[PDB]
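Visitor: Just passing along the structure, written as structure tokens.
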Number of protein chains: 2
Amino acid sequence: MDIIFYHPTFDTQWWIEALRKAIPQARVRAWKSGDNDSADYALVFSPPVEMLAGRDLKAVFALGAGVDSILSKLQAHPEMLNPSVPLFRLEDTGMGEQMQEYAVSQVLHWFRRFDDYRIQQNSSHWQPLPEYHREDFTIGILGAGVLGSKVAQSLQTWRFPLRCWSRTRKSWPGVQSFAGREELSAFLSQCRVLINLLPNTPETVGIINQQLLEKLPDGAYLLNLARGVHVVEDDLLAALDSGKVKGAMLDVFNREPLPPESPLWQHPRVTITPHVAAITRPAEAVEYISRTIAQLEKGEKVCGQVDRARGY
Amino acid sequence: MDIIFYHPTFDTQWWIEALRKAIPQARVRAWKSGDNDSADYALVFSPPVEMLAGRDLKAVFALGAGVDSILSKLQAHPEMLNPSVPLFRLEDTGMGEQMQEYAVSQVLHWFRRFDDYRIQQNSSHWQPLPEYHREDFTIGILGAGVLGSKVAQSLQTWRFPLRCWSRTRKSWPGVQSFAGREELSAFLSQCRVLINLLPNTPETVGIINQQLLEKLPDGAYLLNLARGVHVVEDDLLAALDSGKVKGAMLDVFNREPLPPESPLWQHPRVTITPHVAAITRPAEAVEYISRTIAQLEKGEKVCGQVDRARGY
Ligand SMILES: NC(=O)c1ccc[n+]([C@@H]2O[C@H](COP(=O)([O-])OP(=O)(O)OC[C@H]3O[C@@H](n4cnc5c(N)ncnc54)[C@H](OP(=O)(O)O)[C@@H]3O)[C@@H](O)[C@H]2O)c1
Ligand SMILES: NC(=O)c1ccc[n+]([C@@H]2O[C@H](COP(=O)([O-])OP(=O)(O)OC[C@H]3O[C@@H](n4cnc5c(N)ncnc54)[C@H](OP(=O)(O)O)[C@@H]3O)[C@@H](O)[C@H]2O)c1
Ligand code: NA
Ligand code: NA
Ligand code: NA
Ligand code: NA
Ligand code: NA
Ligand code: NA
């Protein structure tokens with residue numbers, strides 16, 4: 001088999017050698033413009049149209065969890081990916097654990113009021129604060145997917161009440177499952193902490209807006225780990241200023257790098273990380289890709305597959 | 001049986017009623033000066049000498065995990081507690097989990113470089129930082145006791161390399177156990193994060209000093225959850241300023257409330273909480289005390305007992 005690889009910023013030489021070692025029967029090469037030699041599999045991130053267009057590939061692997069950019073690209077250039085080509089994405093490959101690290105750290109951070117103590121430390125002010133209680137600290141997770149379930153599981157360890165929201169019902173014992181736009185209000189009403197792990201689709205763009213934020217309990221916390229387009233930044237700023245939202249930690253934004261004029265940077269109740277919540281671990285991705293190719297060759301079921309009509 | 005209760009700041013009425021409900025055969029009363037009526041058990045925090053002196057109690061329960069103040073008090077007033085009186089302390093009663101919340105949150109906080117991103121956010125500066133790796137993030141725990149083991153266990157969940165230090169060898173699979181002054185250097189040499197859960201004894205006062213801090217790897221983190229007397233604050237400040245210690249989160253200090261003149265308050269790399277790491281949960285303490293009295297009455301073994309010669 002022949003594998004073509006393309007990523008704009010990763011260590012291409014490392015990946016290619018690791019793929020050769022993991023799939024010894026594969027000829028693995030870096031794709032450059034002009035290469036129209038055959039390929040059975042394409043491993044891509046932000047690929048050019050010319051790399052995929054008119055290729056009857058056996059599969060394409062998107063080297064990330066989110067596929068919103070490939071899809072919108074294929075939207076603008078429908079000839080980029082023939083409809084017979086299955087599209088795969090990275091399911092977990094270390095991003096589950098990284099999302100758990102981020103979510104558990106910050107949730108405990110808010111629950112133990114380290115944000116308040118930091119404000120007080122700024123004034124050299126010593127004052128113990130009343131403790132919060134698990135019953136008042138229900139955590140709602142917006143997507144209930146590969147990453148959503150991982151986060152939920154890690155938070156169950158800490159005995160927080162848990163609820164998730166998705167398109168289809170989930171069966172997680174101890175997590176109250178909400179499904180559909182019609183149940184979104186009920187879900188929101190108890191979320192002391194709202195964690196966003198939705199994919200970017202037309203049905204979810206802008207979903208965290210004034211209408212959503214007003215359904216939250218007062219003094220809620222927003223942890224946006226998914227895509228910046230999910231949040232209407234002005235509505236968030238208004239909810240922060242009214243006390244509706246006590247605090248927000250944001251890893252993604254409508255424009256990235258977040259422009260320095262944005263009020264989010266210097267807002268006392270906002271924490272910013274430069275889109276680093278979860279990046280794939282190359283050794284785990286190489287294991288996942290070679291295992292998936294192997295299952296494809298054996299006729300076994302794989303499932304980590306992107307539904308291009310559904311949008312994720 | 002007769003129980004006398006004394007605490008300077010807790011809700012005495014709540015405790016007394018909860019103890020009555022949990023031990024229905026007990027007459028439970030709040031101790032006030034002048035009360036020399038009989039008592040089988042004393043539940044005390046920071047008691048006056050007059051409450052205990054010359055009483056042939058069946059047991060005394062210190063309403064906390066640390067007993068350094070009762071002991072030093074009994075040191076200054078040897079008649080306060082007859083040597084036949086067994087002294088008990090609160091083992092866990094919810095402080096294990098609270099120490100796990102604090103330790104896991106901050107360790108992940110440092111490991112994911114949220115401290116660096118916060119510095120950068122202060123300048124509205126957007127920059128992803130190289131990730132840290134578990135192999136370089138060994139966590140050492142200074143005490144290996146009730147709270148030390150709880151913290152170690154919660155950190156094992158996250159796959160950090162773990163090592164503990166104590167007087168006696170421990171048998172925790174996956175945690176490398178160090179014991180005695182003679183092995184303290186070897187223990188320190190790999191501690192990327194040093195978590196202090198020692199009791200305050202004459203053998204441990206001042207142990208975190210220039211000599212200890214220089215044995216640490218560079219860019220270490222100090223998390224002091226035990227007693228302020230363990231840390232020589234000037235030596236810590238010097239290690240912070242030289243880059244030896246990247247960061248310190250401190251819940252306890254040599255004087256409390258930490259005086260506002262202390263450089264710790266405004267130091268960029270120091271986080272301060274007003275001695276709130278772990279407080280006992282009254283319902284869990286009442287359960288532990290009544291269960292312990294019950295075991296004492298049945299002749300079973302209890303063990304949560306303070307060794308007054310040893311100092312903890
Ligand atoms: N560094 C970073 O910040 C970072 C890293 C990785 C990923 N991410 C983001 O995290 C997202 C989640 O990844 P994942 O692997 O967990 O995705 P996933 O397994 O595909 O899960 C997505 C979840 O969103 C739900 N969903 C989709 N559309 C919906 C709608 N209209 N209404 C309600 N629920 C809807 C799905 O419901 P069903 O279960 O019913 O299908 C699913 O539970 C990615 O899409 C990516 O944008 C961010
Ligand atoms: N809010 C707060 O900040 C807060 C709350 C609760 C407790 N604390 C502090 O946390 C401490 C720990 O409580 P705990 O219940 O975990 O106590 P513990 O079960 O008695 O454990 C103490 C540990 O320290 C070790 N140790 C004592 N002296 C030593 C020495 N000279 N050299 C080496 N190791 C020594 C002991 O070793 P062995 O196992 O060999 O005996 C033991 O493992 C308390 O004493 C208290 O000061 C703070
Ligand atoms: Na390339
Ligand atoms: Na993409
Ligand atoms: Na609680
Ligand atoms: Na009292
Ligand atoms: Na004490
Ligand atoms: Na790692």
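By convention here, the chains of the structure tokens are called A, B, ... in the order presented, each chain's residues are numbered starting at 1, and ligands are numbered starting at 1 in the order presented.
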Residues at most 10 Å from residue 97 (chain A), counting only C-alpha atoms, excluding those fewer than 5 positions away in the same chain, as a list in words?
Guide: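 Residues meeting the cut-off are residues 92, 102, 103, 147, 150, 151, 154 and 278 of chain A; 158 of chain B.
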Visitor: Please build the interface table for chain B against chain A with a cut-off of 6 Å, listing for each qualifying residue the nearest atom pair and the distance in Å to one decimal; count only C-alpha atoms, order rows by chain and increasing number, and write it as a Markdown table.
Guide:
```
| residue | atom | partner | partner_atom | distance |
| --- | --- | --- | --- | --- |
| B:105 | CA | A:105 | CA | 4.3 |
| B:108 | CA | A:105 | CA | 5.8 |
| B:124 | CA | A:265 | CA | 5.4 |
| B:126 | CA | A:274 | CA | 5.9 |
| B:128 | CA | A:274 | CA | 5.7 |
| B:260 | CA | A:124 | CA | 5.8 |
| B:265 | CA | A:124 | CA | 5.4 |
| B:274 | CA | A:128 | CA | 5.7 |
```
Visitor: List as number ranges by chain the protein and nucleic acid residues near residue 10 (chain B), meaning an atom at most 12 Å away when only C-alpha atoms are counted, but skip any in the same chain fewer than 2 places from it.
Guide: B: 5-8, 12-16, 30, 44-46, 63-64, 279-282
Visitor: Please tabulate, as a tab-separated table, the residues of chain B that come within 7 Å of ligand 2, each with its closest pair of atoms and the distance in Å to one decimal, counting only C-alpha atoms and all ligand atoms and ordering rows by chain, then residue number upward.
Guide:
```
residue	atom	partner	partner_atom_place_in_ligand_line	distance
B:64	CA	ligand 2	6 (C)	6.8
B:65	CA	ligand 2	7 (C)	4.8
B:66	CA	ligand 2	45 (O)	4.0
B:67	CA	ligand 2	45 (O)	6.7
B:91	CA	ligand 2	15 (O)	5.6
B:92	CA	ligand 2	15 (O)	6.4
B:95	CA	ligand 2	6 (C)	6.3
B:142	CA	ligand 2	34 (N)	6.9
B:143	CA	ligand 2	24 (O)	3.8
B:144	CA	ligand 2	43 (O)	3.5
B:145	CA	ligand 2	21 (O)	3.3
B:146	CA	ligand 2	19 (O)	3.9
B:147	CA	ligand 2	16 (O)	3.6
B:148	CA	ligand 2	16 (O)	5.2
B:165	CA	ligand 2	34 (N)	6.1
B:166	CA	ligand 2	34 (N)	3.4
B:167	CA	ligand 2	40 (O)	3.5
B:168	CA	ligand 2	40 (O)	3.7
B:169	CA	ligand 2	40 (O)	6.7
B:179	CA	ligand 2	33 (C)	6.7
B:180	CA	ligand 2	33 (C)	5.8
B:181	CA	ligand 2	32 (N)	6.7
B:197	CA	ligand 2	12 (C)	4.8
B:198	CA	ligand 2	24 (O)	4.3
B:199	CA	ligand 2	45 (O)	3.3
B:200	CA	ligand 2	47 (O)	5.7
B:201	CA	ligand 2	28 (N)	6.7
B:203	CA	ligand 2	31 (N)	4.9
B:204	CA	ligand 2	31 (N)	5.5
B:225	CA	ligand 2	3 (O)	4.6
B:226	CA	ligand 2	9 (C)	3.8
B:227	CA	ligand 2	47 (O)	5.2
B:251	CA	ligand 2	3 (O)	5.9
B:252	CA	ligand 2	3 (O)	6.1
B:275	CA	ligand 2	1 (N)	5.2
B:276	CA	ligand 2	1 (N)	4.8
B:277	CA	ligand 2	1 (N)	4.0
B:278	CA	ligand 2	1 (N)	4.0
B:279	CA	ligand 2	1 (N)	5.6
B:312	CA	ligand 2	20 (O)	5.8
```
Visitor: Residues at most 9 Å from region 210-222 of chain A, counting only C-alpha atoms, excluding those fewer than 4 positions away in the same chain, as a list in words?
Guide: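 Contacts, in chain order: residues 107, 110, 184, 185, 186, 188, 189, 190, 191, 192, 193, 194, 195, 196, 232, 234, 235, 236, 238, 239, 240, 243, 244, 245, 246, 247, 248, 249 and 250 of chain A.
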Visitor: Using only C-alpha atoms and all ligand atoms, which protein or nucleic acid residues are at most 9 Å from ligand 5, as a PyMOL selection string?
Guide: (chain A and resi 131-135+159-160) or (chain B and resi 94+281)
Visitor: Write the selection just made, keeping N, CA, C and O atoms, as a PDB file, in the first residue's frame?
Guide:
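Saved to result08.pdb:
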```pdb
ATOM      1  N   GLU A 131     -17.509  27.329  52.074  1.00  0.00           N
ATOM      2  CA  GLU A 131     -17.310  26.264  51.103  1.00  0.00           C
ATOM      3  C   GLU A 131     -18.567  26.040  50.261  1.00  0.00           C
ATOM      4  O   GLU A 131     -19.697  26.263  50.710  1.00  0.00           O
ATOM      5  N   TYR A 132     -18.347  25.637  49.010  1.00  0.00           N
ATOM      6  CA  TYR A 132     -19.392  25.188  48.098  1.00  0.00           C
ATOM      7  C   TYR A 132     -19.664  23.696  48.296  1.00  0.00           C
ATOM      8  O   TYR A 132     -18.830  22.945  48.817  1.00  0.00           O
ATOM      9  N   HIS A 133     -20.838  23.262  47.857  1.00  0.00           N
ATOM     10  CA  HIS A 133     -21.263  21.884  48.050  1.00  0.00           C
ATOM     11  C   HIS A 133     -21.595  21.232  46.718  1.00  0.00           C
ATOM     12  O   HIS A 133     -22.122  21.880  45.811  1.00  0.00           O
ATOM     13  N   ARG A 134     -21.263  19.941  46.615  1.00  0.00           N
ATOM     14  CA  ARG A 134     -21.536  19.172  45.404  1.00  0.00           C
ATOM     15  C   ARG A 134     -22.990  19.285  44.936  1.00  0.00           C
ATOM     16  O   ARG A 134     -23.249  19.376  43.734  1.00  0.00           O
ATOM     17  N   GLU A 135     -23.957  19.278  45.853  1.00  0.00           N
ATOM     18  CA  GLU A 135     -25.347  19.348  45.397  1.00  0.00           C
ATOM     19  C   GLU A 135     -25.622  20.625  44.603  1.00  0.00           C
ATOM     20  O   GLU A 135     -26.475  20.628  43.709  1.00  0.00           O
ATOM     21  N   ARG A 159     -17.513  12.876  42.332  1.00  0.00           N
ATOM     22  CA  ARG A 159     -18.843  12.832  42.942  1.00  0.00           C
ATOM     23  C   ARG A 159     -19.676  14.083  42.652  1.00  0.00           C
ATOM     24  O   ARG A 159     -20.613  14.381  43.386  1.00  0.00           O
ATOM     25  N   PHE A 160     -19.371  14.823  41.573  1.00  0.00           N
ATOM     26  CA  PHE A 160     -20.260  15.901  41.153  1.00  0.00           C
ATOM     27  C   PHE A 160     -21.510  15.337  40.481  1.00  0.00           C
ATOM     28  O   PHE A 160     -21.442  14.324  39.784  1.00  0.00           O
TER      29      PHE A 160
ATOM     30  N   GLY B  94     -13.347  13.311  55.758  1.00  0.00           N
ATOM     31  CA  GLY B  94     -13.558  14.222  54.652  1.00  0.00           C
ATOM     32  C   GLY B  94     -12.352  15.058  54.278  1.00  0.00           C
ATOM     33  O   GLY B  94     -12.354  15.680  53.209  1.00  0.00           O
ATOM     34  N   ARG B 281     -15.488  17.583  58.074  1.00  0.00           N
ATOM     35  CA  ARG B 281     -16.902  17.678  57.757  1.00  0.00           C
ATOM     36  C   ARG B 281     -17.687  17.205  58.969  1.00  0.00           C
ATOM     37  O   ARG B 281     -17.638  16.009  59.295  1.00  0.00           O
TER      38      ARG B 281
END
```
Visitor: As a count of residues only, list the residues of region 137-304 of chain B assigned to strand (DSSP E or B) by DSSP on the backbone atoms of this structure.
Guide: 33
